[PDB]
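# Structural overview
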Amino acid sequence: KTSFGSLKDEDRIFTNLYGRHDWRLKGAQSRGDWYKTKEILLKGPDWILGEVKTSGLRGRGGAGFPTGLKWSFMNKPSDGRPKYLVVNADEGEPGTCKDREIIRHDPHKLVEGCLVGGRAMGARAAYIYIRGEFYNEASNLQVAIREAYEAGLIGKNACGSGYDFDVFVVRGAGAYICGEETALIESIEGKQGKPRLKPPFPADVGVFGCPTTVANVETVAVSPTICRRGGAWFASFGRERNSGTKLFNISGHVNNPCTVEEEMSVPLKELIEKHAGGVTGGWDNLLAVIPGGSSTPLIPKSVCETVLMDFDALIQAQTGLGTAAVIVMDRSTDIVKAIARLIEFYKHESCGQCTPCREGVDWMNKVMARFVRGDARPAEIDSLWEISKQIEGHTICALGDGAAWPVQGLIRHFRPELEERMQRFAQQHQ
Amino acid sequence: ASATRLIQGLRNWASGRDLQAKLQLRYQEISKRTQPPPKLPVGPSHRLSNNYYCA
Ligand SMILES: NC(=O)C1=CN([C@@H]2O[C@H](COP(=O)(O)OP(=O)(O)OC[C@H]3O[C@@H](n4cnc5c(N)ncnc54)[C@H](O)[C@@H]3O)[C@@H](O)[C@H]2O)C=CC1
Ligand SMILES: Cc1cc2nc3c(=O)[nH]c(=O)nc-3n(C[C@H](O)[C@H](O)[C@H](O)COP(=O)(O)O)c2cc1C
Ligand code: SF4
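What comes next is a walk through the structure. (Residues numbered from 1 in each chain as written, not as in the entry; some residues may be left out. Chains lettered and ligands numbered in written order. Part of a larger assembly, values for the part shown. Heavy atoms only, no water.)

Moving on, we get to the overall build of chain B. When helices and strands are counted, chain B shows 1 helix and 0 strands. The dimensions of chain B, computed from C-alpha atoms along their principal axes, are 70 × 25 × 10 Å. Split into buried and exposed, the 55 residues of chain B put 4% on the buried side. (Helix = DSSP H or I, 4+ residues; strand = E, 2+ residues; numbered from the N terminus. Buried < 20%, exposed > 50% of the residue type's maximum accessible area, 1.4 Å probe, protein only.)

Below, the structure written as structure tokens:
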């Protein structure tokens, strides 16, 4: 297969994403959830890890680490400490609202993923660090976890398999940096949600100093489907090292802002013109696309014509896949004001721990706040580039990376627009 | 420069040189004691980019 997309509804993992069916247990059992979960639990962790490593499932959090290889780091005998699956359900990323849809409309799929993945990693229980702003989604998830307990699917002797497994939900408290896995661990442990340094990677020292795997809602919820349908079924969609299906949030300047499941290596133009109703004013009215949520650098219309929506084709296009959240920006957009607002986000959402992010993201906000009006001279553009290169790679977590990258994308694709902004400021003010 | 041309001619004859052309006492030809404020230039490292000190 060389042309991807046009995914059939029989191949969607996330049936009942739109809330058009019962999200509860009688709805989920009439759609395919909780079917032969015991026969996945009783085939050991090794078969489940083989099915997930075969399926090519990479991290749906946004970095795309191989989820089976990540979960095989827990395949080790215990040292007296328990093991924990922790489901990252924060989703504070701008553009990204898909895990809200998964928790709100397929909760039992996430709970069965918690059970199966925790069997695969030998986990004691599952702490779902849900977002604090997703309150109704959290009570939604707790009602479905109550329905899974009362049916004996989780808890003492989960699904009749001799295996004990609890599912905990910890609400957030309004911090974007608590989506980062070590800061999420610190937020579960009742401290300031500040990211730890790595190593120890959380399979060595994680939550409470236990072995821990933090995994996204999407890469957990697809795991019973990977166990039932098979690894070859999931690897049969998308390119090699770019396997599976993926939820997409197309928002911004489109005619129909939507959440939709789609095949992995789908073209961006096909995705926007099919599921989103096109860009407002047509495809010819396109100026830029932030391809994968706010941290990934933007791409212009000359790149958006033939680009694909997976990891490798966006890394080749000097951006990233990220959360695969498409923020569409038409020709009427002040792009400098939008990216400066995005850097204003990344300094309002920054935990202040280490020097380059704490100082330089505020200093990039100040430089971008002068770039919006144009109250600067062009020797500060390249300067700003160097400042991004002094934050990219020198921080603890990748919010310094996620704050340096949109500045780099705006400079790299719209340096002449910044220069004409500043020179028209300098001519109508001096 | 206030000497009489008799004394000036005697002085030029005695030295053998023209002395009013090259006077050693200074007059209004010298620079003013009050000058306009300067604007001094900066060096090559007064840049905002490609200015790493290790380089
Ligand atoms: N989903 C969301 O809402 C958001 C997602 N992101 C994404 O987060 C990413 C940055 O997060 P990071 O975890 O710092 O990126 P990445 O460098 O660390 O690693 C991703 C995952 O692989 C694991 N890993 C990688 N190498 C490992 C090794 N040798 N041993 C053990 N585990 C290993 C990490 O523990 C982590 O869980 C970005 O790519 C960005 O797109 C950013 C903001 C919001
Ligand atoms: C600043 C920052 C914020 C993040 N926020 C989230 C988040 O809200 N939700 C999420 O699933 N991953 C988030 N991540 C990515 C996680 O670190 C981690 O990669 C992911 O949650 C689990 O990895 P996996 O996708 O391989 O399963 C964030 C990363 C960073 C650097
Ligand atoms: S770089 Fe920013 S987001 Fe990361 S540990 Fe430091 S303050 Fe926190």
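On to the packing of aromatic side chains. Residues and elements named next belong to chain A. Summed over the entire model, instances satisfying the criterion amount to 10 aromatic pairs over all chains. Both rings, one in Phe-345 and one in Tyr-346, keep their centres 5.0 Å apart while their planes meet at 75°; by these two values the pair is edge-to-face. Of the residues examined, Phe-345 reaches a relative accessible area of 16% and is grouped as buried. A cation sits over an aromatic face here: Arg-58 above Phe-311, 4.3 Å from the ring centre. The side chain of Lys-246 reaches across the aromatic face of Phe-248, ending 5.6 Å from its centre. (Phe/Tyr/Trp six-rings, centres within 6.5 Å; stacked < 30°, edge-to-face > 60°. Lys NZ or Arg CZ within 6 Å of the ring centre and 35° of its normal.)

Attention shifts here to the site of ligand 1. All names here are of chain A. In the vicinity of ligand 1 there are 16 residues, among which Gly-61, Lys-70, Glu-93, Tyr-176 and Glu-181 approach most closely. A distance of 2.9 Å is found between an oxygen atom of ligand 1 and a side-chain nitrogen or oxygen belonging to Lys-70. Side-chain polar atom of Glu-181 to an oxygen atom of ligand 1: 2.4 Å apart, as the coordinates give it. Across the shell around ligand 1, the residue classes tally to 6 nonpolar, 5 polar and 5 charged. (Near = heavy atom within 4 Å. Polar contact = N/O pair within 3.5 Å; in protein donor to acceptor, adjacent residues only side chain to side chain. Nonpolar A, V, L, I, M, F, W, Y, C, P; charged D, E, K, R; others polar.)

Among the nonpolar cores identified, the biggest contains 53 residues, and A:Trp34, A:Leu110, A:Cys114, A:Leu115 and A:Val167 are the most heavily contacted of them. Setting aside chain neighbours within four positions, we find A:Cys114 in contact with A:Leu85, A:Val87, A:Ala126, A:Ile128, A:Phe165, A:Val167 and A:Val220. (Core = buried A, V, L, I, M, F, W, Y, C linked by side-chain atoms within 4.5 Å. Contact = heavy atoms within 4.5 Å.)

Before going further, it helps to spend a moment on the site of ligand 3. Residue and element names in this part refer to chain A. Close to ligand 3 lie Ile-177, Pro-195, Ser-350, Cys-351, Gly-352, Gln-353, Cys-354, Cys-357, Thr-395, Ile-396, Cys-397 and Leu-399, which account for all nearby residues. The site holding ligand 3 turns out to be the largest cavity. When the residues that make up the shell around ligand 3 are grouped by side-chain class, the tally is 8 nonpolar, 4 polar and no charged. (1 Å grid on protein atoms, 1.4 Å probe; cavity = no way out; pocket = protein on both sides within 12 Å on 5 of 7 lines; lining within 4 Å. Sits in = over half its atoms within 2 Å of the grid points.)

With that settled, the discussion passes to the side chain of A:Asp310. Its location among the elements puts A:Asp310 in the loop between α13 (301-304) and α14 (311-315). The buried category is assigned to A:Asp310, whose relative accessible area is 0%.

Glancing now at the interface of chain A and chain B. The interface is formed by 7 residues belonging to chain A together with 5 residues belonging to chain B. On the surface where chain A and chain B come into contact, there are 0 salt bridges. On inspection of chain A and its partner chain B, the count reaches 2 residue pairs in polar contact. Tallied by class, residues from the side of chain A that touches chain B come to 1 nonpolar, 2 polar and 4 charged. (Salt bridge = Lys/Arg side-chain N within 4 Å of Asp/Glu carboxyl O.)

Okay, helix α16 (residues 355-373) of chain A next. Residue and element names in this part refer to chain A. Over its 19 residues, α16 extends 28 Å from the first C-alpha to the last, a length consistent with the 27 Å expected when each residue adds 1.5 Å. Here α16 has its buried residues at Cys-357, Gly-360, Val-361, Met-364, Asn-365, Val-367, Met-368 and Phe-371. Packing partners of the buried residues in α16 comprise α15 (335-348), α17 (379-389) and α18 (399-429). A positive phi of about 95° marks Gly-374, the residue just after α16. (Expected span 1.5 Å × (residues − 1).)

All names here are of chain A. Enumeration over the complete set of coordinates arrives at 39 salt bridges over all chains. For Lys-38, the salt bridge goes to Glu-39, with nearest N and O atoms at 3.2 Å. By relative accessible area, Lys-38 is classed as partly exposed at 29%. Taking the relative accessible area as the measure of exposure, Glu-39 reaches 38% and is therefore partly exposed. Ionic contacts of the salt-bridge type, sharing partners, join the residues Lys-70, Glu-180, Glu-181 and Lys-198 into one network.

Purely spatial values, then, with no claim about function.
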